[PDB]
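Q: Chains as they are written, first to last, in the authors' numbering: chain B, 2 to 245; chain A, -5 to 245. Have a look at this one before I ask anything.
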Amino acid sequence: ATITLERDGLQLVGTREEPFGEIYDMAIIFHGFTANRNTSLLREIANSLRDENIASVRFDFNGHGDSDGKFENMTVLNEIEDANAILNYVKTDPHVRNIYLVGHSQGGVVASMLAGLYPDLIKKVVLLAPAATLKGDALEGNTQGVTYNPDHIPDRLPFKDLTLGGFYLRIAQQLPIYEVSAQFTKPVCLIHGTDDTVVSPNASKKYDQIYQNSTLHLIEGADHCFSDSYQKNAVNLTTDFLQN
Amino acid sequence: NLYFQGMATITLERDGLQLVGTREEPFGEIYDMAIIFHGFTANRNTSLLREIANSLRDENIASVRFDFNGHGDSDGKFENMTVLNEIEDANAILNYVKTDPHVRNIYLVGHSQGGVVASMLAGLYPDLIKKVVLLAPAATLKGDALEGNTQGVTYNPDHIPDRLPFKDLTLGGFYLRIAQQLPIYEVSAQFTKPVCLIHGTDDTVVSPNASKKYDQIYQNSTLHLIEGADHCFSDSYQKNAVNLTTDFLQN
Ligand code: NA
Ligand code: NA
Ligand code: NA
């Protein structure tokens, strides 16, 4: 049902997907930049794993969806602290046996980098279109088509309908994404479609070259938010990988 | 402001928590500002932090010092404190400091762990920060975490626990994993602007080579190897550190 946690005086609200039994494995589903806990792609990954004896938890990040916090004061950094607060709960739960991390878009950087700091704890990582391009993007003064000077990052910038802060782009510019991630040497699943416009498939190609044990799945024709017909495939690879 | 000058108690907000602080104002309605960071298990009002705050005001330079999360009057469990979220604490102070009418230039100052917080925020904010003063900066903490002995307390650095008992409190295991992979030198090195480094020869807490590696890595460094001095600039040495911090920020 709807479960609740805390990270430095901010409430983190999530949907736990629970299977039948006393002992089960559990996955932590992280969403991307401007996304929320319960979207089509994540909701179906959440559902699918439950049918195969795996539990799951999806939470809104600080400044996203139902959780507390301003979007203005959100960073990939404070999002990893959110990711750690969820892991504190998950690793302290009596029913939870083996932990997995599944991350789409920016949540793909949040999950890989959280797995970099917890390689001894996390048993598997499924990386769907990981937004590791967000560093090289912030460094060239262009994020999702919204510009700035990478040597003059303002206090706040209008983004679509929202307003993100400078500190987000300060951190993004000097994030040791691959560095921290390469610390995770256990199984990794990489899912990236050739038709991705937001995040380049070269982020997943870079990720594969740096991992010890990683499978690269380049699904021909698949977009960024793994839409329509391409969804069931993505969900199938995540499910098949997480049980094996 | 010139009217409300001397000392003040200020309360900031950072992603849910409350960071209680101390503001020292000089005379005139346009002055320079120093952000003062204390180190590991300490607070904003210790003899050294108090004498740097007083001394800079006696040269008409304002100062701000806050307790980090899990320290002093600031909110949060000591268990949930990492180096990373102290930078978040620091950024929040900078969000306050950069949006103040009377603030001419910003200066970053940090002792021990505050020194990492200072070098690491100075590198994320090079266009704003004008000068940086690092007193025995605890960059060693990363190497102390890779080894598995933080301030004498042993632990497996490959199987770091959830929480681990400390001197009087309980240290979070995510702090250990955080500092063990902290890009201290990487981020620090981005600051090309003037850096003043102060380290004690007889320091057993932070190896003086931390300030030497700092000095090495910086484009505009000035190292001061105060002889006989320990980690906490005290007695015949406090007066030496406070002056250098003042004199380098004196124009
Ligand atoms: Na349910
Ligand atoms: Na149990
Ligand atoms: Na970092």
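Cβ coordinates follow ideal geometry from the N, Cα and C atoms, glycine included.
Under the criterion of a Cβ to heavy atom distance below 7 Å, does B:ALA2 qualify as lining ligand 1?
A: In the first sequence, counting from the first residue as 1, residue 2 of chain B sits at position 1. Result yes, Cβ under 7 Å from ligand 1.
Q: Would you say B:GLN244 reaches chain A, if we count a Cβ-Cβ gap shorter than 8 Å as a contact?
A: Counting from 1 along the first sequence, the entry for residue 244 of chain B is found at position 243. Not an interface residue.
Q: Quick one, are the C-beta atoms of A:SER182 and A:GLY117 less than 8 Å apart?
A: In the second sequence, counting from the first residue as 1, residue 182 of chain A sits at position 188. In the second sequence, counting from the first residue as 1, residue 117 of chain A sits at position 123. In contact: A:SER182 and A:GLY117 (Cβ atoms closer than 8 Å).
Q: Pick out the complete beta strand (DSSP E) segments inside the stretch 74 to 161 of chain A, 3 residues or longer, and give them in chain order.
A: Counting only runs of 3 or more, we get 97 to 105, 123 to 129, 157 to 159.
Q: Would A:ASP67 count as contacting chain B if we go by Cβ distances under 8 Å?
A: Position 73 of the second sequence, counted from the start, is the residue given in the question as residue 67 of chain A. No, A:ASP67 does not count as interfacial toward chain B.
Q: Cα-Cα, which of B:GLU18, B:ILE24, B:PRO131 is closest to B:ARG59?
A: Position 58 of the first sequence, counting from 1, holds the residue named residue 59 of chain B. Among B:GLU18, B:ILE24, B:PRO131, the Cα nearest to that of B:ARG59 belongs to B:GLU18.
Q: Which class does A:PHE31 belong to by DSSP, given the choice of helix, strand or coil?
A: As a working note, residue 31 of chain A is residue 37 in the second sequence. Residue state, collapsed to three classes: strand.
Q: State yes or no: is the C-beta of B:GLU45 nearer than 7 Å to some heavy atom of ligand 1?
A: As a position in the first sequence, residue 45 of chain B is number 44, starting the count at 1. Because no heavy atom of ligand 1 lies under 7 Å away, the Cβ of B:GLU45 does not count as near it: no.
Q: DSSP three-state label for B:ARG51, please.
A: Along the first sequence, read from residue 1 onward, the residue named residue 51 of chain B stands at position 50. In the structure shown, B:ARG51 sits in a helix (DSSP, three-state: H, G or I).
Q: For A:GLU23, tell me which candidate among A:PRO120, A:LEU78, A:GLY108, A:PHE(-2) has the shortest Cα-Cα distance.
A: The residue you call residue 23 of chain A lines up with position 29 of the second sequence. That would be A:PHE(-2), whose Cα lies nearest to the Cα of A:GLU23.
Q: Counting C-beta neighbours from all protein chains within 10 Å, is the total for A:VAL147 16 or more, i.e. buried, or is it exposed?
A: Along the second sequence, read from residue 1 onward, the residue named residue 147 of chain A stands at position 153. A:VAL147 comes out exposed.
Q: Within 10 angstroms of the Cβ of B:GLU82, are there 16 or more other Cβ atoms? Answer buried if so, exposed if not.
A: As a position in the first sequence, residue 82 of chain B is number 81, starting the count at 1. Buried, by the Cβ-count rule.
Q: Give me the chain A residues within the contact set of B:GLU141, using Cβ-Cβ distance strictly less than 8 Å, ordered along the chain.
A: The residue you call residue 141 of chain B lines up with position 140 of the first sequence. Ordered by position in chain A, no residue passes the 8 Å Cβ test against B:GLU141, which lies about 16 Å from the chain.
Q: Which chain A residues sit within Cβ distance under 8 Å of B:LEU11?
A: Translated into positions along the first sequence, residue 11 of chain B becomes position 10. Here the neighbours are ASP9, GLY10.
Q: First and last residue of the beta strand (DSSP E) that includes B:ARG17?
A: In the first sequence, counting from the first residue as 1, residue 17 of chain B sits at position 16. Note, B:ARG17: beta strand (DSSP E), 12 to 18.
Q: What's the gap between the Cα of A:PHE72 and the Cα of A:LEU11?
A: As a working mapping, residue 72 of chain A is identified with position 78 in the second sequence. As a working mapping, residue 11 of chain A is identified with position 17 in the second sequence. When rounded, the distance between both Cα atoms is 13 Å.
Q: Report the rounded CA-to-CA distance for B:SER106 versus A:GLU221, giving the unit in angstroms.
A: In the first sequence, the residue the question calls residue 106 of chain B occupies position 105. In the second sequence, the residue the question calls residue 221 of chain A occupies position 227. Going by the C-alpha atoms only, they are around 53 Å apart.
Q: Can you give the beta carbon distance from B:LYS124 to B:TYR90, rounded, assuming they're within the 8 Å contact cut?
A: Start at 1 with the first residue of the first sequence, and residue 124 of chain B comes out as number 123. Start at 1 with the first residue of the first sequence, and residue 90 of chain B comes out as number 89. So it is not a contact: roughly 17 Å between Cβ atoms.
Q: Closest to B:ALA133 by CA distance: which of B:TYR149, B:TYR179, B:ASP94 is it?
A: Position 132 of the first sequence, counting from 1, holds the residue named residue 133 of chain B. Among B:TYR149, B:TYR179, B:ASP94, the Cα nearest to that of B:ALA133 belongs to B:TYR179.
Q: Could you check the C-alpha separation between B:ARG51 and A:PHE160 for me, to the nearest Å?
A: Position 50 of the first sequence holds residue 51 of chain B. Position 166 of the second sequence holds residue 160 of chain A. When rounded, the distance between both Cα atoms is 41 Å.
Q: Is it buried or exposed for B:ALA47, if we count other Cβ within 10 angstroms and need 16 for buried?
A: In the first sequence, residue 47 of chain B corresponds to position 46, counting from 1. Under this definition B:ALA47 is a buried residue.
Q: Is there at least one Cβ from chain A nearer than 8 Å to B:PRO177's Cβ?
A: The count along the first sequence starts at 1 and reaches residue 177 of chain B at position 176. Yes, B:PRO177 counts as interfacial toward chain A.
Q: What's the C-alpha gap between B:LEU88 and B:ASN150?
A: Within the first sequence, the letter at position 87 stands for residue 88 of chain B. Within the first sequence, the letter at position 149 stands for residue 150 of chain B. C-alpha separation (whole angstroms): 36 Å.
Q: My output table needs one value for B:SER230: the three-state DSSP class, helix, strand or coil.
A: One-based indexing of the first sequence puts residue 230 of chain B at position 229. Helix at B:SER230.
Q: Run through chain B and tell me which residues come within less than 7 Å of A:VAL181, C-beta to C-beta.
A: Taking the first residue of the second sequence as position 1, residue 181 of chain A is located at position 187. Under the 7 Å cutoff, chain B gives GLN175.
Q: Assuming contact is defined by CB atoms lying nearer than 8 Å, are B:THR195 and B:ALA173 in contact in what I supplied?
A: In the first sequence, residue 195 of chain B corresponds to position 194, counting from 1. In the first sequence, residue 173 of chain B corresponds to position 172, counting from 1. No, they are not a contact pair.
Q: Using DSSP with H/G/I as helix, E/B as strand and the rest coil, what is A:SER57?
A: Reading the second sequence from its first residue, position 63 is the one you call residue 57 of chain A. In the structure shown, A:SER57 sits in a strand (DSSP, three-state: E or B).
Q: What's the C-alpha gap between A:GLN213 and B:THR40?
A: Counting from one through the second sequence, the residue named residue 213 of chain A turns up at place 219. Counting from one through the first sequence, the residue named residue 40 of chain B turns up at place 39. So the two alpha carbons sit approximately 48 Å from each other.
Q: Could you please give me the residues that DSSP links to A:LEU219 through a beta bridge?
A: Within the second sequence, the letter at position 225 stands for residue 219 of chain A. According to DSSP, which records beta bridges pairwise, A:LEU219 is partnered with A:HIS193.
Q: Strictly by DSSP, which residues pair up with A:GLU7?
A: The residue you call residue 7 of chain A lines up with position 13 of the second sequence. Paired residue(s): A:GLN12.
Q: Is the CB of B:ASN99 under 8 Å away from at least one CB in chain A?
A: Walking along the first sequence from the start, residue 99 of chain B turns up at place 98. For B:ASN99, the answer is no, since every Cβ of chain A falls outside 8 Å of its Cβ.
Q: Between A:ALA130 and A:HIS225, how many whole angstroms is the CB-CB distance? I'm expecting something under 8 Å.
A: In the second sequence, residue 130 of chain A corresponds to position 136, counting from 1. In the second sequence, residue 225 of chain A corresponds to position 231, counting from 1. Confirmed, Cβ separation roughly 5 Å.
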